[PDB]
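Just the one chain here, laid out as structure tokens, in the form deposited in one PDB entry.
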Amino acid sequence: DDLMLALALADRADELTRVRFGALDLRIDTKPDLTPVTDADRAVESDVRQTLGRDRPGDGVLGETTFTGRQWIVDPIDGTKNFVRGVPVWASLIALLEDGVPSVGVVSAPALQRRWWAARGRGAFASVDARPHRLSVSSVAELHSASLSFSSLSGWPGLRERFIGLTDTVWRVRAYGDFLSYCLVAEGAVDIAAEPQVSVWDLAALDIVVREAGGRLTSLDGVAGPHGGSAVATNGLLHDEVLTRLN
């Protein structure tokens, strides 16, 4: 019901973001100008607000501060720095919060031809370009067997040294970055995802997807959910050992 609406919002967001991603000039000789991404961000937000005004009068809308009632939170493009360079790891993130708790989430990555979604009590799913498949986190129980995806080293000299130690301990390390690390945890394809500095707009949809897939997502101090300023997602089995190594 809210999930069906969230998936329809993602359909509309994808139509707008696809066109703007395709229209970019990717020739570049310096740091990229984020103006076309900001422009796309504004167009998606406007469309989302217009639809929710029609279909959910009296739901609040937050676009990338007080959490009350039913509130939709949208990050039209997560991975803006990828979007602007022509790297297709970017997605719209759409969540419904009830009293600040993600209850519906959609992660829509049109240039990866992929979507992930979840709703409380109804499981998590992914599609590639194409029937949905139900998601489940892995059963990897030992850190030395685990696969980890992060974003970069620079955001982490104590916590940096500890993070690098975790990367030396696990079986496999990659940095697919942003939302994609967390979505791969939910699919069971990766075991650990971590980012040291990340906002509620970037975590809300991922929180419900990971939880419905059987995993855990907490801040670095182990507090559940998307509000803690940092995010560690695991299959749940590895969670305590990861927080211990990082703390």
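Residue numbers here begin at 1 and follow the sequence given.
Below, we refer to the form deposited with a small molecule bound, which is not included among the displayed structures.
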If contact means a heavy atom within 4.5 Å, which one of 117-125, 159-167, 134-142, 80-88 is the stretch that engages the small molecule in the entry with it bound?
80-88
4.5 Å heavy atom contact, residue 45 and the small molecule in the entry with it bound:
no
Do residue 41 and the small molecule come within 4.5 Å of each other in the entry with it bound, heavy atoms counted?
yes
Taking 4.5 angstroms as the cut-off for heavy atoms, does residue 212 touch the small molecule in the entry with it bound?
no
Is it the case that residue 59, even though its partner is missing from this view, gets within 4.5 Å of the small molecule in the entry with it bound, heavy atoms only?
no
